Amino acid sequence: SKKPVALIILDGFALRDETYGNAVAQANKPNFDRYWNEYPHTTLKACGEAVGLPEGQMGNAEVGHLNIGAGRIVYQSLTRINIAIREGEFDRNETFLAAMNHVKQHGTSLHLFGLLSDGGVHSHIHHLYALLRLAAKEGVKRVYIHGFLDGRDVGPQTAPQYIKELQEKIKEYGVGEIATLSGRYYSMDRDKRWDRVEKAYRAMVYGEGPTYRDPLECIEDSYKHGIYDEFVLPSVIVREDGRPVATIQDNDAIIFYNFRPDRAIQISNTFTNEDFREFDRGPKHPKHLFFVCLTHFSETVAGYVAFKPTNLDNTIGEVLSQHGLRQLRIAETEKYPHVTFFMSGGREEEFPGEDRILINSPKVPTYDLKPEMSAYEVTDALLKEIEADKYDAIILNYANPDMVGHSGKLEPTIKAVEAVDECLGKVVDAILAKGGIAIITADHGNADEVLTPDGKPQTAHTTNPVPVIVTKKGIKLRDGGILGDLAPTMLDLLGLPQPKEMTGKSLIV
């Protein structure tokens, strides 16, 4: 039948020499290793300019998957917006101005909300300072900030530094008041866990949740309970009279300064959807909100986009489609969006011939509680499909390393890696039996450093290079490649012509 070519992405699996806090190196990976010893391999740059990001910036699932599926260096939003601020164009943004014009003409309020850190994955605090300075320039009187605490793209208990810096800028620009503070767990969920979402929503609209006069005391009090940045309960900052600093009301304007869509869609829909059934918003639910998305989130969001998106044509998925091949995209909840939407270049609709399998991730708050996650069910489901001789190409993502690594815990991250390695063996073998080829790789680093030099949790990504194995004897892979070379390599294996849009180059010599 078919000799399937499979693209296998071991999420957050990177190569790093130091083995201290390196889950990847400490894990027993017989399968992975044997493939690395017995087949052609290399490494690829998945950070900075190589993937369309500023120099020094680390990579992540969105970037990685856009680039991997695009076959070219994809220009990222972070970079694009940093440049706008640099070139004096940010202040001339018609969407920002219209938002500020709105609150001024109708005398409502402007609210700014998003991740409060310099992680650069979902946002950057510097953009917020940019919106605050622009606001002061435009003469907006009432500006309120609703902060989503990080602890995931940055240190786990670094919120206080960001809060302190923000307070300095506030005083410097002369506008803005921190209204609420919520952990990204509740305000930026992407797993459709509406109870978490509702918590954040009700804090911002009804001033419901833990109340404090001082933002810093809110943080310190939560730490005392062992609850850090990422998981802090949506809290409300109150005034001297006990009233909330500010609640979101009819006709106010909202600028969500996040530039990555997966964790922004949910809370955005909660604010803009005329009909919302996931949960009851209650009778005061603010209506007529002038809503601004920093970048395109989804068509379901009844708002405006500051920076317009641009189609990426002829991504691996499209080429496969145009040539009549049947493709499958598969992963569990946590990375389902990446193997589908991002892999297809920011498109949600399946291509003709494209099949998708979604496997539910375990019902646990944090994955360090269940390292193997749902890796076995994914593998099972995939093996059946492989056995049926249905697909010409396959795109699989094992989310374990990144998900468990984000916990900053060494032992669980090792179990995760080993769980993935076991499954990987079963998958690559079955592929080989069908006479196909596999392309083992990753989208970015993480699991390779889940502890700081000092032995403390390291919850973020790394800048280390990712691995690449092509299960085909008799060939050689060139070095110095980048993720944008993977798509071309797959088309090479499939004997399909490479489109002009893909400015990348096959790794096969």
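One-based numbering along the sequence shown.
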Between 62-70 and 448-456, name whichever shows the higher mean Cα B factor according to the PDB entry.
448-456
Can you let me know which of the two, 472-480 or 48-56, has the higher average C-alpha B-factor in the entry?
472-480
Please pick out which of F351, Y186, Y367, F341 has the largest Cα B-factor as recorded in the entry.
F351
Would you mind finding, among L396, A433, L78, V205, the residue with the largest C-alpha temperature factor in the entry?
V205
Looking at the entry's B-factor column for C-alpha atoms only, identify whether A14 ranks in the lowest, middle or highest third of its chain.
highest
Place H146 in the lowest, middle or highest third of its chain's C-alpha B-factors, as listed in the PDB entry.
lowest
Within this chain, which third does the Cα B-factor at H122 fall in: lowest, middle or highest?
lowest
Sorting the chain's CA B-factors, does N360 end up in the lowest, middle or highest third?
middle
Against its chain's modelled residues, does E230's Cα B factor rank lowest, middle or highest third?
middle
